[PDB]
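Note sheet for the following structure.
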Amino acid sequence: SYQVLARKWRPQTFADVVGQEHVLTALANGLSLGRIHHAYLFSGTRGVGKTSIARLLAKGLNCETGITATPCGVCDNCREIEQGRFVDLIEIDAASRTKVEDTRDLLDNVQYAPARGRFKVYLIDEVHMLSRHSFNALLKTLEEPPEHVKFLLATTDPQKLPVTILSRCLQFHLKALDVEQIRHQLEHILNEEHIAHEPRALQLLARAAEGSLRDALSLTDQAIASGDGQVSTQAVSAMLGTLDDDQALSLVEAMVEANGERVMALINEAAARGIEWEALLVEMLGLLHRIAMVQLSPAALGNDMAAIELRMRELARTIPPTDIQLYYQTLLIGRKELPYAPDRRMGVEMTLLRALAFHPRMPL
Amino acid sequence: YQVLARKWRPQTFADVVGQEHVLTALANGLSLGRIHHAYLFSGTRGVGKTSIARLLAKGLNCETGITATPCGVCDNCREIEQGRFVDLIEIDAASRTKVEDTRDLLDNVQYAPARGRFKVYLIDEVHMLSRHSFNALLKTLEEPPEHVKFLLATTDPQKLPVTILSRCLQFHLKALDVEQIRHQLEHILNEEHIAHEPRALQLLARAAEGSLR
Amino acid sequence: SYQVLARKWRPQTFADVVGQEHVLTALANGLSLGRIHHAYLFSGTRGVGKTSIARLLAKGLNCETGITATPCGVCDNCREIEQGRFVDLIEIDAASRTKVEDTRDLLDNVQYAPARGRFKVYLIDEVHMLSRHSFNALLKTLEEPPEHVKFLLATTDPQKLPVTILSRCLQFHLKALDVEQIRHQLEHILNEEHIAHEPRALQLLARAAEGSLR
Amino acid sequence: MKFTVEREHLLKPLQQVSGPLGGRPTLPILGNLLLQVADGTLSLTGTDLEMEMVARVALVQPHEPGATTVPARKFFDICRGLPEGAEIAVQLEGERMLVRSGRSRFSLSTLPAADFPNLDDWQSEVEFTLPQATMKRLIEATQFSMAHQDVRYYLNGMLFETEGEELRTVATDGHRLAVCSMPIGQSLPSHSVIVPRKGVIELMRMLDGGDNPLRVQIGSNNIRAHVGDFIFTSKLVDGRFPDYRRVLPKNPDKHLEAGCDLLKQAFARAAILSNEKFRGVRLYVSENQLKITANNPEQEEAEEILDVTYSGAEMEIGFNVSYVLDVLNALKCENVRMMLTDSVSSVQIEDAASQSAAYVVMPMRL
Amino acid sequence: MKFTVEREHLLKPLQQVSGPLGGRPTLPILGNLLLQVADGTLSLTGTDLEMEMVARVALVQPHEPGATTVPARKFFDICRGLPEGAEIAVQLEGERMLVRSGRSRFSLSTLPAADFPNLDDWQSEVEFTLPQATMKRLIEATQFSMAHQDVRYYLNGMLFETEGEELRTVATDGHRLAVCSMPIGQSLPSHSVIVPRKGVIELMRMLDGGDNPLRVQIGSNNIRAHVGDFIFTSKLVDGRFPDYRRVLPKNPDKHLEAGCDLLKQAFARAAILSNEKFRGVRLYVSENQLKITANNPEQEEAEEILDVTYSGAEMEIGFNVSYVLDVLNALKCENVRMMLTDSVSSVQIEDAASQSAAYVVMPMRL
Amino acid sequence: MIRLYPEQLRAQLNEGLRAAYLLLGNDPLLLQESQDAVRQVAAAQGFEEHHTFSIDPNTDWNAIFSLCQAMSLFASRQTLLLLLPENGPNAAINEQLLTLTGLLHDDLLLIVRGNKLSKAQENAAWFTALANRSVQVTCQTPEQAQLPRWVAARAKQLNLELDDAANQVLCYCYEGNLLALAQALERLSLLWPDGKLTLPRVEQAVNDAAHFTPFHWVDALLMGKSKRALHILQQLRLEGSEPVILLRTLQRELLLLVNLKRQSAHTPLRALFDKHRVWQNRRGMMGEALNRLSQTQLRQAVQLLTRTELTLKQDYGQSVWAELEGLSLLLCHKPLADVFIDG
DNA sequence: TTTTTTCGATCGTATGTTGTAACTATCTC
DNA sequence: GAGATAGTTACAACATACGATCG
Ligand SMILES: Nc1ncnc2c1ncn2[C@@H]1O[C@H](COP(=O)(O)OP(=O)(O)O)[C@@H](O)[C@H]1O
Ligand SMILES: Nc1ncnc2c1ncn2[C@@H]1O[C@H](COP(=O)(O)OP(=O)(O)O)[C@@H](O)[C@H]1O
Ligand SMILES: Nc1ncnc2c1ncn2[C@@H]1O[C@H](COP(=O)(O)OP(=O)(O)O)[C@@H](O)[C@H]1O
Ligand code: ALF
Ligand code: ALF
Ligand code: ALF
Ligand SMILES: [Mg+2]
Ligand SMILES: [Mg+2]
Ligand SMILES: [Mg+2]
Ligand SMILES: [Zn+2]
Ligand SMILES: [Zn+2]
Ligand SMILES: [Zn+2]
């Protein structure tokens with residue numbers, strides 16, 4: 001069995017959380033000083049620790065010793081909260097329960113005093129899926145909240161909530177986990193699990209994670225399965241190559257340096273999986289246009305292309321503008337002529353060959 | 001009489017053509033005992049996503065035990081072959097795209113399997129589910145019961161939310177080459193006792209692109 | 001009351017069609033050898049006989065005498081199919097039934113056995129007008145239909161269908177009719193109708209037809 | 001217009017007229033019923049542009065001829081709220097109507113009577129009269145089998161066929177068929193018509209078990225029913241209805257006899273753990289034995305076994321339990337005969353004592 | 001777990017236990033009934049994390065101790081559908097429950113009994129036994145005045161107060177108030193609690209009018225009720241209930257006495273044409289005369305006049321007819337006494353001969 | 001009707017309490033603060049009952065009318081709150097509000113929240129009925145020019161010290177979103193009890209959550225700030241704005257500039273501005289635009305805009321944002337070699 | 001002191017209003 | 001005390017408003 005790494009390694013303490021200092025420090029100071037707000041909201045990308053931090057805060061609020069930022073983890077309340085059997089902690093999957101009738105019964109329990117806890121904690125996750133009537137009921141409940149109830153909200157789309165709901169809760173935004181922290185966490189987990197590994201494999205997995213720890217753990221599990229109980233550089237590289245889906249940028253880089261063999265290999269790899277050739281041409285045209293814009297002004301490239309920022313910057317810095325314009329025009333002509341080519345693959349190959357070796361002759 | 005596509009569906013891991021990496025990973029996972037709870041299969045049409053999913057279900061639910069080489073002769077294997085196995089719940093997401101169906105399905109996930117050791121949900125064409133349906137599966141998929149496994153197959157993976165993708169192990173099947181298709185056609189025709197010529201088989205293989213169907 | 005030549009002279013036997021020899025030979029061989037598929041698609045230009053051949057195949061499948069490539073044309077099933085009021089032959093106009101709800105309702109009733117004929121035939125016309133959801137809903141049942149149902153599809157724009165649908169059915173392409181064939185058919189029809197004509201008029205009409213008999 | 005009338009004599013006609021009127025008329029005039037007084041009679045009329053109901057009440061008090069339109073709901077509520085034995089005096093003044101009675105006064109609004117729609121006259125091709133009980137039995141034997149909102153517009157009504165010395169009612173929805181026949185005692189020309197479901201419901205509500213014979217007139221595309229002081233007029237679907245003779249199985253070779261109550265209870269118990277969407281059950285027939293099995297998506301299984309009169313070969317079939325339960329409820333007999341041929345053919349159900357009514361149900365390939 | 005019982009001995013307790021359950025529960029386990037067999041006793045438990053119902057049945061046949069959880073509606077339907085007088089044998093095999101009755105077999109899915117929530121024990125503070133009739137009278141008198149959905153939670157329940165040898169029930173919603181009180185014959189310490197709506201509903205349902213006394217225990221935050229072999233436990237709402245004594249008028253100078261049935265009929269007739277949106281009526285009171293008037297935006301007016309026993313000065317006052325009709329329906333007596341001071345002050349309604357129950361209604365701005 | 005700003009609302013409430021309060025604006029923070037102050041003052045005066053409703057086509061006005069008409073046994077002094085639609089009231093809403101204003105009582109305190117009303121909305125029967133007994137508080141988000149003063153004052157009232165660099169960073173990161181900025185100040189105060197907020201300290205706990213409108217993008221294009229224009233365009237794309245709105249907003253100003261450039265050859269600019277009804281404040285920026293773009297330009301821009309419109313309309317293309325970025329760079333003085341203009 | 005948008009066809013979710021069927025309590029013989 | 005009638009509760013169908021995707 002061995003369980004799953006994502007489930008097994010849930011952070012059970014504030015010290016186990018990776019990064020997110022600007023949130024944990026504020027929460028600890030608030031708990032120590034007694035400055036506790038009525039409603040908390042957590043936002044961020046996938047797999048950054050919103051639910052983990054919410055559960056840790058809920059555990060800290062209702063600990064036997066007292067309101068502290070360092071829960072003991074041994075009293076009955078801590079164990080029940082960890083196992084998910086605590087009576088005074090109500091966890092609501094708003095995605096599964098969206099209708100007003102379902103939410104009304106849950107929200108009507110605020111009229112009963114807590115059974116065995118200082119506070120009655122409601123942890124509503126995926127709260128952006130609620131309907132308008134559910135939002136109205138939640139707002140009415142939050143207008144006059146009893147002094148012994150707290151609301152914790154977690155979502156990835158805070159813009160979907162009404163402004164009235166947002167204005168009555170304190171919002172914390174979580175950040176990406178960065179490559180170094182992800183690599184360190186993976187190394188620690190593998191060392192605890194007694195699994196052989198190499199630095200290069202860990203670096204590749206961390207880079208492919210793209211700021212999400214759950215993605216990193218899933219990739220690590222897949223690599224362990226592929227490597228037959230071991231994590232090796234060759235196995236991880238092969239696995240990533242299998243899932244690689246950025247043939248457009250690689251094709252652009254190969255074409256710009258006039259390397260026909262690499263272009264043919266990339267075309268074969270793209271054809272190995274099911275891809276739309278016109279989509280590939282559109283992606284290449286978009287990449288060339290973005291490179292031209294970046295050459296015009298460095299601010300053109302934004303945070304949406306953070307994954308391939310370095311390669312785009314290098315291409316913009318190295319390639320002269322005239323070559324970029326020539327390639328863009330050649331690809332435009334190729335896209336225009338694609339429908340009448342003998343085949344889509346043949347059309348793409350002919351256009352890439354023309355870009356590699358040939359130059360059109362313009363009138364006059 | 002019976003259509004070749006339906007008649008010659010693989011029933012053992014040895015009958016699968018190509019897809020070496022996926023089969024090796026699945027076999028290693030089954031042998032070591034490290035079994036996930038959410039698998040996603042991607043690829044072009046007619047490459048064997050459903051076949052591999054059914055083979056994995058057979059391996060999980062075989063009477064002999066959790067093995068990478070299902071016997072293919074016990075009651076569970078035969079029932080899975082005939083599509084009459086109670087614990088293999090096959091959902092056609094293309095038809096049931098509404099959130100009400102998803103809620104009904106989720107309301108009965110904690111009940112134990114009738115006869116097998118695992119309850120396997122095989123959702124086909126999962127890319128056609130509605131946004132509410134996708135968001136309703138997040139928590140159950142993240143932390144399912146011990147005796148529940150989810151298998152997902154689609155040809156358009158990019159339409160799924162990133163949150164769904166982060167919760168499952170992804171396997172991308174690759175299109176088959178001419179040589180493998182020609183060899184499979186030769187084997188099938190030899191088993192069927194039908195005369196053939198090499199050039200005809202080469203033409204058929206080239207005209208089929210990379211899909212066996 | 002009065003019926004135009006196009007409606008009156010719809011072929012009612014495999015020997016009454018013009019051209020399309022390869023399709024007819026393939027269908028006859030398949031019926032004779034007993035190898036019957038569960039999904040047929042017909043493609044071609046306009047007015048080449050896709051619907052006619054589909055109806056002929058449906059009539060041959062459900063004939064009382066048996067599964068034959070030469071329907072008798074005299075039993076009750078053949079007459080009812082010719083009149084277009086046969087219970088087990090369900091004809092769908094996809095150009096006006098594009099809604100996915102209609103497709104789901106149709107698929108929910110495939111479990112019921114046929115009333116009179118040995119097969120329940122679905123003839124979907126203008127299938128290229130269905131929505132994406134309709135195609136995706138069809139896919140699963142089209143892959144593995146029950147043993148007592150058949151699907152016949154006719155279209156003029158096969159490019160619009162998804163590759164998944166095309167992969168699940170046997171495709172027959174109908175060539176555009178030649179000038180000589182159209183001229184001969186017109187001459188035969190006029191002779192049967194007792195109408196005076198001249199060779200040059202027939203030649204001009206056939207040339208202006210541009211490969212379409214309708 | 002001015003007239004005084006007893007409350008009791010006016011209660012029932014008001015309810016009968018207001019029956020056909022719907023909750024949402026979409027037109028103010030439609031929501032109001034037409035009230036006329038002429039000579040020595042008071043006529044209440046209610047229509048919805050598809051159906052028409054007319055009731056007449058005798059007048060013994062002095063009155064003046066007139067016509068108007070009044071809301072059905074408010075007038076009916078006012079009349080019903082008054083104490084028993086009260087006399088209602090209705091008078092028209094300008095655009096208002098005084099309904100003074102005892103110490104209570106009301107001022108109902110009115111609209112012009114000329115705006116009330118009317119139905120064009122038609123020629124009655126066939127006319128006959130039958131007892132109320134026969135019509136009630138005919139309608140009840142086949143009402144439940146009518147399609148609710150099927151795409152076929154002609155399957156939403158009941159088929160009435162007058163032939164020889166008998167009248168026949170047929171109902172179907174594409175998967176089940178119900179046929180009933182009853183003698184009328186008078187020879188009539190062969191004729192077939194289709195009546196919409198709303199007309200059938202109104203006709204059923206009209207019947208009260210009285211001894212007054214009910215008179216039926218049928219034209220090209222209209223039907224009229226007369227009973228007592230009540231007249232009802234409706235249109236016809238004028239559609240193509242399948243022949244029931246084709247649907248009936250031909251020379252079935254397997255016969256089964258069972259008790260209605262025990263079989264109904266067994267089917268009801270089995271239906272509890274059946275699929276909610278499809279409601280499918282499996283029947284196994286063997287020598288003097290019937291077994292019913294049901295399964296649901298949760299894999300909960302229900303099994304029932306009973307003893308019947310059967311001597312044929314063993315057989316297995318599938319069915320929709322809802323249709324069987326409806327047929328058994330409709331029969332209300334002591335014994336039931338089921339006729340079958342094979343697992344892929346339809347099954348006929350009839351009463352052992354009488355063959356007046358028959359039902360046909362097709363199987364499912366579970 | 002194995003046991004055998006009779007249909008009659010299990011039909012009613014199962015219905016009582018499964019009545020509260022419905023809809024889609026917060027957790028699947030909450031949708032099931034907990035069955036426990038121990039020391040020749042079968043215990044059926046049903047909870048929804050707010051209130052709990054427990055029933056007990058005696059076993060006089062061989063059995064095996066155990067515990068499990070089963071679906072409520074499915075099991076109840078299966079038990080009810082069996083023939084009267086049948087014997088039901090229940091057994092547990094693996095993760096399934098088998099129910100056998102004659103030749104009928106049913107298989108049901110179950111969940112572990114360890115996951116079923118159980119309410120923690122608490123110590124009662126007040127205990128008293130009273131007849132079911134008194135509690136039923138109090139509830140039926142004071143239930144209709146509770147608020148439906150208000151931000152102030154304490155108004156959604158009912159206030160139960162023990163004072164000396166008297167038990168009092170009070171309800172209100174900010175616009176109307178109902179108070180009733182009855183003796184119990186025993187001295188109890190002064191106490192007050194608030195019962196939620198669902199608790200009151202269940203307490204009303206569990207009463208059957210029998211001679212078995214009802215025993216009530218009240219603690220810090222919970223209330224328990226014993227009736228025969230049925231136990232009902234509920235939680236109490238936290239908050240402060242408004243004091244009803246200040247609501248009652250200090251000195252109502254004007255008094256009136258009117259027939260209950262005649263006044264109710266007059267109010268109903270007036271409300272038949274009252275503005276549906278507002279449901280407002282206007283009362284003119286003069287020497288031995290009471291006139292009720294209503295109107296609607298369409299310039300249609302309804303008027304009625306009746307006689308009363310009044311001797312004060314003429315006055316006009318507006319009211320919401322719904323509250324008056326509810327109060328009149330609550331009071332089933334030959335005569336009703338109304339006490340009032342002016343048109344902008346609350347009106348008291350009581351029975352002519354009985355002082356146990358009183359109602360206070362606030363006039364509407366008109 | 002009295003007119004006020006959020007700072008004077010507390011002074012007015014101390015002076016006295018009126019019958020109706022209107023809160024109109026686009027800033028959630030100021031609206032919430034005004035509502036809280038009004039409700040606190042009312043509760044001090046003895047208003048312990050509050051009701052809230054949302055104005056929409058599916059609204060139950062019967063409940064509101066019953067609440068207004070009915071009395072209370074003990075809990076008097078009711079407060080009613082209405083939330084107008086984003087678009088604004090329509091004729092049906094106008095007559096409903098007129099009816100509600102007709103049924104107004106001294107013990108009922110009315111509050112209304114919504115976006116700023118236009119002249120057509122202002123000229124309504126219900127609006128004029130409350131003119132003699134109403135006070136309107138205008139809650140508009142300050143522009144970038146006045147933002148740093150607001151940030152400094154808000155930090156001052158919280159007993160915090162902000163450096164100039166920290167203030168600039170806060171203004172840049174939370175422009176147009178005052179709720180987020182206030183919450184950021186609260187979180188910074190929580191993090192550092194000493195209250196010393198330096199640049200490195202603030203830079204750690206700040207994220208980009210700015211909010212913009214197409215008019216800001218057009219103004220940035222007119223000024224000629226490529227970085228600001230690109231940032232605004234990226235924020236608008238993230239929000240999910242409709243490209244057609246941006247296209248029309250740019251088209252109006254671009255056509256005006258083309259006409260002015262063509263007709264300014266033999267006419268002073270002041271006369272042209274007067275004839276074209278140019279607002280006095282904008283006349284500055286427009287001027288410099290005419291000194292930065294030649295007649296050769298403003299034709300390539302028009303061609304690119306027309307091509308983008310055609311692609312959006314008939315081709316249903318997805319590269320509209322790339323063309324918008326190219327046009328934004330074109331309006332600023334950049335080469336823009338014209339291979340991408342198809343000229 | 002303002003300046004705010006392309007259209008047609010199809011699919012999915014949530015709420016309010018009206019009508020029908022089954023079961024229970026009450027009324028009449 | 002049983003059958004018939006009236007009242008209540010639950011489920012289904014129809015109509016309206018709002019949000020999202022692809023051509
Ligand atoms: N900051 C973190 N530190 C340690 N582990 C983390 C962190 N964030 C996420 N994880 C890992 O990712 C898994 C899923 O995180 P989850 O609670 O789903 O976050 P979110 O709610 O943002 O999706 C957890 O099991 C946890 O081990
Ligand atoms: N890898 C494979 N090996 C053998 N047969 C295959 C393979 N892939 C596809 N097929 C054939 O194609 C048919 C359809 O495959 P299918 O299960 O529909 O795959 P997908 O789910 O990817 O469409 C099968 O009946 C099988 O005979
Ligand atoms: N192969 C053919 N042989 C004889 N007649 C034909 C043929 N194809 C078309 N026709 C004539 O054209 C008319 C319409 O053909 P139709 O069935 O609509 O073809 P399609 O479905 O391709 O449009 C028919 O009535 C028939 O008379
Ligand atoms: F559970 Al998440 F982002 F996937 F909070
Ligand atoms: F069944 Al497929 F792609 F056609 F998985
Ligand atoms: F061209 Al056609 F039916 F008229 F295919
Ligand atoms: Mg989470
Ligand atoms: Mg498949
Ligand atoms: Mg055709
Ligand atoms: Zn602890
Ligand atoms: Zn096996
Ligand atoms: Zn034939």
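Lettering of chains follows the sequences in order, A, B, ..., and the numbering in each one begins at 1. Values below: every heavy atom of this structure, side chains too, minus hydrogens, waters and symmetry copies.
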When the distance from [atom1] of [X] to [atom2] of [N] is rounded to whole Å, what number comes out?
{"X": "F:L312", "N": "G:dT5", "atom1": "CG", "atom2": "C1'", "value": "10 Å"}
{"X": "F:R283", "N": "G:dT1", "atom1": "CZ", "atom2": "P", "value": "15 Å"}
{"X": "F:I245", "N": "G:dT3", "atom1": "CD1", "atom2": "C1'", "value": "13 Å"}
{"X": "B:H132", "N": "H:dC18", "atom1": "NE2", "atom2": "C1'", "value": "11 Å"}
{"X": "C:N136", "N": "G:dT10", "atom1": "CG", "atom2": "P", "value": "16 Å"}
{"X": "F:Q251", "N": "G:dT4", "atom1": "CD", "atom2": "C1'", "value": "13 Å"}
{"X": "A:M129", "N": "G:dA14", "atom1": "CE", "atom2": "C1'", "value": "13 Å"}
{"X": "D:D208", "N": "H:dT5", "atom1": "CG", "atom2": "P", "value": "12 Å"}

Face-to-face contact F:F215 to G:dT4 six-ring, under 5.5 Å, under 30°: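 By the stated criterion, F:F215 and G:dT4 do not stack.
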Reckon [X] touches a base, only the sugar-phosphate, or nothing at all at heavy-atom distances under 4.0 Å?
{"X": "C:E101", "answer": "sugar-phosphate"}
{"X": "F:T249", "answer": "nothing"}
{"X": "F:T213", "answer": "nothing"}
{"X": "F:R282", "answer": "base"}
{"X": "B:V99", "answer": "sugar-phosphate"}
{"X": "B:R103", "answer": "sugar-phosphate"}

Modelled atom types, side-chain donor and acceptor of D:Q16 and D:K12, under 3.5 Å: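 Per modelled atom types, D:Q16 and D:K12 side chains form no pair under 3.5 Å.
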Closest-nucleotide ordering on DNA chain H, the 5'-leading residue of B:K159 and D:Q149: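 Of the two residues, D:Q149 wins.
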Residue met sooner reading DNA chain H from 5', once A:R132 and F:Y316 are mapped to nucleotides: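 Final value for this comparison: A:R132.
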Greater than 12 external heavy atoms within 6.0 Å of E:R205's CZ: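 Enclosed: over 12 neighbouring heavy atoms sit under 6.0 Å from CZ of E:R205.
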More than 12 heavy atoms of other groups within 6.0 Å of B:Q158 CD: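 Enclosed.
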Bend angle of the helix from G:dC7-H:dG23 to G:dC29-H:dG1, end axes from five pairs each (to 10°):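 One end's axis against the other's: 0°.
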Worked check of side-chain hydrogen bond (donor to acceptor under 3.5 Å, both in side chains) between D:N156 and D:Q149: CA-CA 7 Å; D:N156 297 330; D:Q149 198 66 10; 5.0 Å; no
Closest-nucleotide 5' rank along DNA chain G - winner of D:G23 and F:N58: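 Taking each residue's closest nucleotide, the earlier one in sequence belongs to F:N58.
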Expected list for residues 130-139 of chain A: side-chain donor-acceptor pairs under 3.5 angstrom, two or more places apart:
residue	atom	partner	partner atom	Å
A:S131	OG	A:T98	O	3.2
A:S131	OG	A:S134	OG	3.3
A:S134	OG	A:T98	O	2.8
A:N136	ND2	A:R132	O	3.2

